[PDB]
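Protein chains in written order, with the deposited numbering: chain B, -5 to 711; chain A, -5 to 711; chain C, -5 to 174.
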Amino acid sequence: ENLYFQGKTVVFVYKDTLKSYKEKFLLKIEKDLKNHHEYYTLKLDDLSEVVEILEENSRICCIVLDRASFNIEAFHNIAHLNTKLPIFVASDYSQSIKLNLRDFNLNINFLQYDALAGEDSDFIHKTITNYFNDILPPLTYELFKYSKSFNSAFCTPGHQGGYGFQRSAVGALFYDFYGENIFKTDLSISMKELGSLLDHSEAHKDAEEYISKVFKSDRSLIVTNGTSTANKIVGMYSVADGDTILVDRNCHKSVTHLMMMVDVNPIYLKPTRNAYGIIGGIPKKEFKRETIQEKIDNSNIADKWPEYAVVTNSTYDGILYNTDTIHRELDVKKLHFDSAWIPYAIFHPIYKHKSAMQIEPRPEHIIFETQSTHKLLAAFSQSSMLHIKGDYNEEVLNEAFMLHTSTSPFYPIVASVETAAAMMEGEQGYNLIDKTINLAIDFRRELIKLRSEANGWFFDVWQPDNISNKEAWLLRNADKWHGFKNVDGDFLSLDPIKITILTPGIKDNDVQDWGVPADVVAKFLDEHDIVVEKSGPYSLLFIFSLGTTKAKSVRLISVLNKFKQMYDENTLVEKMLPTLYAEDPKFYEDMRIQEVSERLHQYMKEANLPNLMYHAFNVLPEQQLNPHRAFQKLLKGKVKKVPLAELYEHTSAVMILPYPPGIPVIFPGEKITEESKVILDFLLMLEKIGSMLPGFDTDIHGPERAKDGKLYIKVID
Amino acid sequence: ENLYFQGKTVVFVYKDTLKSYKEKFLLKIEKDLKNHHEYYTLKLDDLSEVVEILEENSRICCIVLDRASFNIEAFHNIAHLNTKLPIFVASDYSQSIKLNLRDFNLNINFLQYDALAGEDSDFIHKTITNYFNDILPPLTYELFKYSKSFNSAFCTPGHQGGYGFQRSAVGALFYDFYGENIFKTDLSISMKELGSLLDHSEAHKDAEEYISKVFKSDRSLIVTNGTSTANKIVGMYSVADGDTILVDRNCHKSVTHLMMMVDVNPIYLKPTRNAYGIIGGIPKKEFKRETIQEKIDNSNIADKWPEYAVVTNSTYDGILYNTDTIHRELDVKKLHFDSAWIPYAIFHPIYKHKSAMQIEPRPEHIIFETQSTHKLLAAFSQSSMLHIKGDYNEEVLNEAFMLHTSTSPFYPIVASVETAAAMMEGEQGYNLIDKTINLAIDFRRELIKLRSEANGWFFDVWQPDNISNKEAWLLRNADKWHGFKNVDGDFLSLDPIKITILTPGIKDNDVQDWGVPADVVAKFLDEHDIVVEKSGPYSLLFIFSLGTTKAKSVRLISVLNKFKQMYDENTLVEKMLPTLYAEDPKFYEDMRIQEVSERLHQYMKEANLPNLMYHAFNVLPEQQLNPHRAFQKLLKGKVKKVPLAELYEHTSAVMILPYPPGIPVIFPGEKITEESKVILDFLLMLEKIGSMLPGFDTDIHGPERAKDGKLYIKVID
Amino acid sequence: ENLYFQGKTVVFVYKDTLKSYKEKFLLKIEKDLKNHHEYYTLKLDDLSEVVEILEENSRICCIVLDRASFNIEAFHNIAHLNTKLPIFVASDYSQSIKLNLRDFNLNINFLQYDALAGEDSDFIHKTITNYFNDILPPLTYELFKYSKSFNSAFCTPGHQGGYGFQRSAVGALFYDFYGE
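Below, the structure is given as structure tokens:
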């Protein structure tokens, strides 16, 4: 009923050179399907074409085939693509079934050639509208259905289903741009038929339970203000001010944000990295009981054994921890994986024992997985899931949920995250991830195959050498490709779908004589309309998601080796990078691409930046004061602003966040000493290097550029 | 360029009986406007019709009139409706201008009757597409423009502009339902052309500054997780754990939520109310220096004079404080109005000195106004503004902003709140509020005019007797209509647009012999598809917003006196309230509406509920422990669960929230004693009364209904 | 849903010599009602004609009238003929209600002259299909609904929903005569 695809197509596939009366039959119900309830139609010669189309277009919503075109193979493939898809086999009184389908569960019905044709046309339409109703998840379906009502409300939201946008001109332009339905599904608790999110009521409860069942979770919660909010919910549930928490040193901005409002003391788990500035794994040693007890003794406050653990898995650049090996070693009852970058983890075999929800909670221990559903699944931004496992307290976590969830949640986002769960439900999800995985691996192999053919220099991939078999490849001490120190046997895996491209300039995780900085590649990808996830000094991160077709990757390939063409060409910066040229044409007057690149590479070789960034994040500065209490001193006022140089031997009042590499260097309350001088040297270097060449800049969040230009940091008391 | 209204109409208005060659001229450019760039057209007889249409339809985007139809009046009225609206006056070489337009600034150009007609059609199209570009606010326009690009991205969000929803069927149904553009404008910071929200960069800054200028604010911040989040931002900026805060006792759920994670002690400002359970104003006395200093001495913890003040203005039911009179009396430097229910306040004269932003911050004192833009303007849910005033610290509030704002904000919501500012910009906003105000007053006057004619009983309005003049009427001690105690001269105003309907049953703010409970009216409004904002035991709240047409109010009128018709009819509960009847037809077998209603009224008269609710919220229970520390005890575990009866003499661990009236009764950490026995009596009464009649229920958030049904509350230690 | 009169007619009655933009409004939703879900339309000059027609034809299933043509008498008579019959009054931002209707229980909704016309056309269609569902008695409605299912039965009666009449010629003539 009025809820269906945009391009509703029904695929007629009967073998060409049918009988005359069977052709008239299938065409009568084709016209009938068109002229009643506005369908679209394809005609094909065999079912093999349909399975091709289904892997690209999913707005086909029925298959009616003459029995001649019946194919055992296609039905096996259609089975593994869409079990609910309506199928119709038209046959006369002559032929019985193929036995393969006894077991196979498709939505097959059988028509007989006869007088009644428009009857079948109505029969087909019904089983289609059933298919359309029976594919939305509960709350989404409920929400969508409500939209079609006409309610005449005197309540919130104030736009009251769109009527408020119509009164003004700019309102009308906004309304038309975004579409009727987004406003008609913008409801509040004042429309009681859906219940509440914070209450987990009629519709919402059904949605929350659905998601939990889908992700193999004991209990799941939907969050409409990003994983940043989900992380804080977990914390304020697990942690009361006073006890100690175990923190991944390479954690999200939001982890610190949580620490900053509860009087809690962290010990950080020292992770590895390479000269590229790629986040590595926390070695197993750090998780051991003895390492924890010792680090507690050495911390300043350090109440006792941590009640709370937060480890980011996977890393931004796609390294995966074995979650089984971690839980075996971590005797912390509230341990929380920040799995923002792997909501798909639980749906593919290659991630066996690499997602939180895969482990059985140890007796009276609680597991938390926070996932950013929008980050790598199909959902609206700000939409996130909170999966928990084991014995838990609804009475108190509901309050922790209420602490951060708004009282007027935006229902389309609620629907969107539930719908993303329904996308992953069943072997539907497996194929969805399998595609993006196979595509990524193809891009990896296709790029090194180009490196072989390539003359002179060429790009490279941050991956093992042998990637023949399709797995999340395991890092090994032996191989120097990852550039990490002391990695354990069978602990770290590489996520195939996260492709890090490497530009010449890093030999043995240190500086290089000749190179080509990544910044001059990123800009060239930007000139040719390509958006990169992250750009290192010599690396480049592309994330192949379920929204990445092979065509996109061919575009990426073609522009990439074109950059080499135009760089070996040594074309003018004007003709090659017009945006960079336009920033200062006086400076780039007759400059060519090689001059610009080599001058940037020279200044990094002169600054000795790679191993500076190495030793900067490989030391951990003396923690003087609780991040919470450091922020509190900002409020209370006891803090003074002194230049970056004078940060030495003082206690930082705010977080410092340099780009590159886009990683917290120091948290609020920590202090730099002789031991941790490395980080301040790296910072002061970023200043000089960030100025020199126009168009290539540096940023450090936390300090303040004054009138005089000098950058002061606020230090405590 | 490809950004325009849906029904782009251009109004031709030339006086009937034109000249033959002038007729053909205007028609040649009408056809040209239709067949090129797909315009729609109206023809009218005089400009007076146009001003009528413009006040109902704002997708007319040009007016081309023959000079005969020129009207001095209409052009003054069109001026006060849309100055940017393109106007075209076609005239021959015969007539000079009317002088009125010297002052008036319309978008008038002048055409001359001649050969070149299609030229003018192109000239008209340009000045229209200029109008379409020049009405969106900066970030919204920038966001909308980006949608039209084709970027081939390998970044977040994972749906990558919608391409991820296409791979699956349920994805496609979700994608089609909501529309292409909502996904193409779902961006991240990874597309650097817009900058960041938390950074307040190129596009965002322009939007943030625009809003601040629009609402007459020193500095404004946009919030994408509701005012609930905005409130917490304000708090964690203004408050460090240890000092005391001044709280409106009738505050939002979110105010407490803020208190629960900062170690802060509140003193509550006792507000008034009536038997109906309508939230009243805090009397001026409570704000005085002596009342504050005294209540501090009397509190348990009470560090010192509060650094932070939070008062909710307006009330849920539309009572307004004089913000000037408050700031004069409250020597608290960080004072924060929770103006969720009045984002429109600053745009209409009747709210003079009733909004925060209207007062000059006292030297070194900071003012905060948090507004729920979605609550009573045209914006998406979760969208809220944070307006501040005076000397402030960006370096620290940026951290407070970052503490609660997600790292991946949903850009359409960002755009939506900025667009809502642009809707209010200029006298555009004045007329928008003036309409909803005049409509409200009309509904009020027409309803009491119906009460006069009405036979026997009828509804009433919670308003003064004399409402002849169009003002925010001021409450007076003398008049018994508001039922409040000790109201000050010129302190409390009634917001016209918030209509509270009253059903018989409350005589002199106490019980009544005969009545008709509001619940049996709400259900009847629900049966007839009408959504109420809030329902009291004998009241009903309709909020007339800018999304409320007169047709809605006539629908509301017609169903209302129909309820009286069917109640005086004494129709069967089956035929009158089928949903209620269906819940238990065994019980309502042959019951009529009067029996059901009178039995409910009798049980409230027997329970003595109205004055029970009165004395419940008019006492304030002994605060035993900080709300923060009470919640912390849940985490730490020191808490036991005992039934509601046994809450007496114990310290509550969680907030209790009864419906009715939908107001916090006790906060975490407070304790009931003999003095505050009233509230627990009211609670235990709500149990008995909530059971008895089927379909009419009661709810109390905070306790827990067990297996046996009995409701335990968790009490501390 | 697919259960309705044969001649589904919707009576537009707006006073001749309407305003130009109000004429286009009611006609835009008249065409919209025709071309989507196949309605039939009458145009009349006053409501007095409608009460005449209702006492002869009961396949009119909605009345959408401009507020000019509002009539106190006809609404009292329509009340005593069909309380459930959908009524729609289109009016601009100018006029409040006549008090007679306070007591009278019709199926009146109110439209406002504005941009959104096809929206109202969808709003009208919904309140009509509600009227069509809400007039059959329980068992009749249940029986009628079942007919629209496709069940593939192996039970009694032996004709199994008509399929048995199709196999023979005389069967087909009997089936066609009496109807699916």
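Idealized CB from N, CA, C, for every residue including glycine.
Inset, instruction - Report yes or no: do the region 311 to 325 of chain B and the region 486 to 493 of chain B share at least 3 C-beta pairs separated by less than 8 Å? - result: yes
Inset, instruction - With a floor of 4 residues, list each alpha helix (DSSP H) that falls wholly inside the region 274 to 325 of chain A, ordered by position along the chain. - result: Taking only runs of at least 4 residues, the alpha helix (DSSP H) segments lying wholly in the region 274 to 325 of chain A are 278 to 281, 283 to 292, 317 to 323.
Legend entry - Contact under 9 Å by Cβ, residue 571(B) with residue 518(B): On the first sequence, residue 571(B) is found 577 positions in, with the first residue counted as 1. On the first sequence, residue 518(B) is found 524 positions in, with the first residue counted as 1. Contact flag set, yes.
Inset, instruction - Give me the Cα-Cα distance between residue 513(A) and residue 598(A), rounded to the nearest whole angstrom. - result: If you number the second sequence from 1, residue 513(A) lands on position 519. If you number the second sequence from 1, residue 598(A) lands on position 604. The alpha-carbon atoms of residue 513(A) and residue 598(A) are separated by roughly 12 Å.
Inset, instruction - Compare the C-alpha of residue 294(A) against each of 697(A), 642(A), 621(A) and name the closest. - result: Numbered from its first residue, the second sequence carries residue 294(A) at position 300. Of the listed residues, the one whose Cα sits closest to residue 294(A) is 621(A).
Inset, instruction - Go to residue 406(A), then tell me how far its alpha helix (DSSP H) extends in each direction, as first and last residue. - result: Locating residue 406(A) in the second sequence gives position 412, where the first residue counts as 1. Residue 406(A) -> alpha helix (DSSP H) spans 405 to 418.
Inset, instruction - With a 10 Å radius around its C-beta and 16 neighbouring C-beta atoms as the bar for buried, classify residue 172(C) as buried or exposed. - result: In the third sequence, the residue the question calls residue 172(C) occupies position 178. With fewer than 16 Cβ atoms within 10 Å of its Cβ, residue 172(C) is classed as exposed.
Legend entry - 7 Å CB neighbourhood of residue 530(B) in its chain, flanking five on each side removed: Residue numbering aside, residue 530(B) sits at position 536 when the first sequence is read from its first letter. These residues qualify, in order along the chain: 270, 271, 512, 654, 655.
Inset, instruction - Report the neighbours of residue 440(A) on chain C: residues whose CB is nearer than 9 Å to its CB, in chain order. - result: Walking along the second sequence from the start, residue 440(A) turns up at place 446. Residues of chain C passing the Cβ test: 90, 91.
Inset, instruction - Mind listing, in chain order, the continuous alpha helix (DSSP H) runs of no fewer than 4 residues lying wholly within the region 486 to 564 of chain A? - result: Within the region 486 to 564 of chain A, the runs of alpha helix (DSSP H) at least 4 residues long that lie entirely inside it are, in chain order, 513 to 521, 544 to 563.
Inset, instruction - Count the other CB atoms, across all protein chains shown, that sit within 10 Å of the CB of residue 686(A); report buried if there are 16 or more and exposed otherwise. - result: Translated into the one-based positions of the second sequence, residue 686(A) becomes position 692. Flag for residue 686(A) reads exposed.
Legend entry - residue 455(A) in three-state terms, based on DSSP: Numbered from 1 along the second sequence, position 461 holds the residue referred to as residue 455(A). DSSP places residue 455(A) in strand when its eight states are reduced to three.
Inset, instruction - Taking 9 Å as the cut-off, decide whether the C-beta atoms of residue 35(C) and residue 83(C) are in contact. - result: Counting from one through the third sequence, the residue named residue 35(C) turns up at place 41. Counting from one through the third sequence, the residue named residue 83(C) turns up at place 89. No; because the gap between Cβ atoms is not below 9 Å, this pair is not in contact.
Legend entry - Within-9 Å CB hit, residue 161(C) to chain A: By one-based count along the third sequence, residue 161(C) stands at place 167. No, residue 161(C) does not count as interfacial toward chain A.
Inset, instruction - Assign residue 357(A) to one of two classes, buried (16 or more other C-beta atoms within 10 Å of its C-beta) or exposed (fewer than that). - result: The residue you call residue 357(A) lines up with position 363 of the second sequence. It is exposed - the Cβ of residue 357(A) has fewer than 16 other Cβ atoms within 10 Å.
Legend entry - Boundaries (first-last residue) of the beta strand (DSSP E) holding residue 114(C): As a first step, residue 114(C) must be located in the third sequence, where it is residue number 120. Note, residue 114(C): premise wrong, no beta strand (DSSP E); alpha helix (DSSP H) at 112 to 127.
Inset, instruction - Check whether the Cβ atoms of residue 20(C) and residue 160(B) sit closer than 9 Å, and answer yes or no. - result: The residue labelled residue 20(C) in the question sits at position 26 within the third sequence. The residue labelled residue 160(B) in the question sits at position 166 within the first sequence. It is not a contact, given that the beta carbons lie outside the stated cut-off.
Inset, instruction - Taking 8 Å as the threshold, find out whether the region 106 to 125 of chain B comes into contact with the region 392 to 402 of chain B through three or more Cβ pairs. - result: Touching, no.
Inset, instruction - With a 10 Å radius around its C-beta and 16 neighbouring C-beta atoms as the bar for buried, classify residue 108(C) as buried or exposed. - result: Counting from 1 along the third sequence, the entry for residue 108(C) is found at position 114. Counting other Cβ atoms within 10 Å of its Cβ, residue 108(C) reaches 16 or more and is therefore classed as buried.
Inset, instruction - Give the DSSP-derived three-state secondary structure of residue 146(B) in the structure shown. - result: Taking the first sequence and counting its residues from 1, one reaches residue 146(B) at position 152. Coil at residue 146(B), not helix or strand.
Legend entry - Host beta strand (DSSP E) of residue 190(A) (start-end): Against the second sequence, residue 190(A) aligns to sequence position 196. Careful: residue 190(A) lies outside any beta strand (DSSP E) and carries neither H nor E.
Inset, instruction - State the start and end residues of the unbroken alpha helix (DSSP H) segment that holds residue 679(B). - result: Here residue 679(B) corresponds to residue number 685 of the first sequence, with the count starting at 1. Taken as a continuous stretch (DSSP letters only), the alpha helix (DSSP H) holding residue 679(B) covers 671 to 686.
Inset, instruction - Name, going along the chain, the residues of the region 28 to 51 of chain A whose beta-carbon falls closer than 8 Å to a beta-carbon of chain C. - result: 36, 37, 38, 39, 43, 46, 47, 49, 50, 51
Inset, instruction - Count the CB pairs spanning the region 128 to 145 of chain A and the region 197 to 204 of chain A that are closer than 8 Å, and state whether there are at least three. - result: yes
Legend entry - Paired residues, beta bridge with residue 60(C) - DSSP: As a first step, residue 60(C) must be located in the third sequence, where it is residue number 66. Residue 60(C) is bridged to 84(C).
Inset, instruction - Output yes if chain B places a C-beta closer than 9 Å to the C-beta of residue 235(A); else output no. - result: By one-based count along the second sequence, residue 235(A) stands at place 241. Residue 235(A) counts as touching chain B.
Legend entry - Unbroken alpha helix (DSSP H) run spanning residue 170(C), endpoints: Walking along the third sequence from the start, residue 170(C) turns up at place 176. Per DSSP, residue 170(C) belongs to the alpha helix (DSSP H) from 163 to 172.
Legend entry - Close-in-space but distant-in-sequence residues of the same chain around residue 702(B) (CB under 7 Å, 5 per side omitted): Translated into the one-based positions of the first sequence, residue 702(B) becomes position 708. If we look at residue 702(B) and ignore the five residues flanking it on each side, it has no Cβ neighbours.
Inset, instruction - Alpha carbon to alpha carbon, how far is residue 638(A) from residue 699(A)? Give it in angstroms, no decimals. - result: Your numbering for residue 699(A) matches position 705 in the second sequence. Your numbering for residue 638(A) matches position 644 in the second sequence. Spanning the two alpha carbons is a distance of roughly 10 Å.
Legend entry - residue 371(A) - containing alpha helix (DSSP H), residue span: For the purposes of this step, residue 371(A) is identified with residue 377 of the second sequence, where counting begins at 1. Run containing residue 371(A): none; DSSP gives neither H nor E here.
Legend entry - residue 482(B) versus 378(B), 277(B), 525(B), residue with shortest Cα-Cα distance: Against the first sequence, residue 482(B) aligns to sequence position 488. Among 378(B), 277(B), 525(B), the Cα nearest to that of residue 482(B) is on 277(B).
Legend entry - Burial state of residue 445(B) (16 or more Cβ within 10 Å): Taking the first sequence and counting its residues from 1, one reaches residue 445(B) at position 451. Residue 445(B) comes out exposed.
Legend entry - Limits of the unbroken beta strand (DSSP E) element including residue 570(B): What you label residue 570(B) is simply residue 576 of the first sequence in a count that begins at 1. Not the beta strand (DSSP E): residue 570(B) falls in the alpha helix (DSSP H), residues 567 to 570.
Legend entry - Residue span of the alpha helix (DSSP H) that contains residue 20(C), given as start and end: Working through the third sequence from its first residue, we reach residue 20(C) at position 26. Residues 14 to 29.
Legend entry - Own chain partners of residue 439(B) with C-beta closer than 8 Å, once the 5 adjacent residues on each side are dropped: Taking the first residue of the first sequence as position 1, residue 439(B) is located at position 445. Here the set comprises 461.
Legend entry - Where residue 393(B) falls: helix, strand or coil (DSSP): Position 399 of the first sequence holds residue 393(B). In this structure, residue 393(B) counts as helix in the three-state DSSP scheme.
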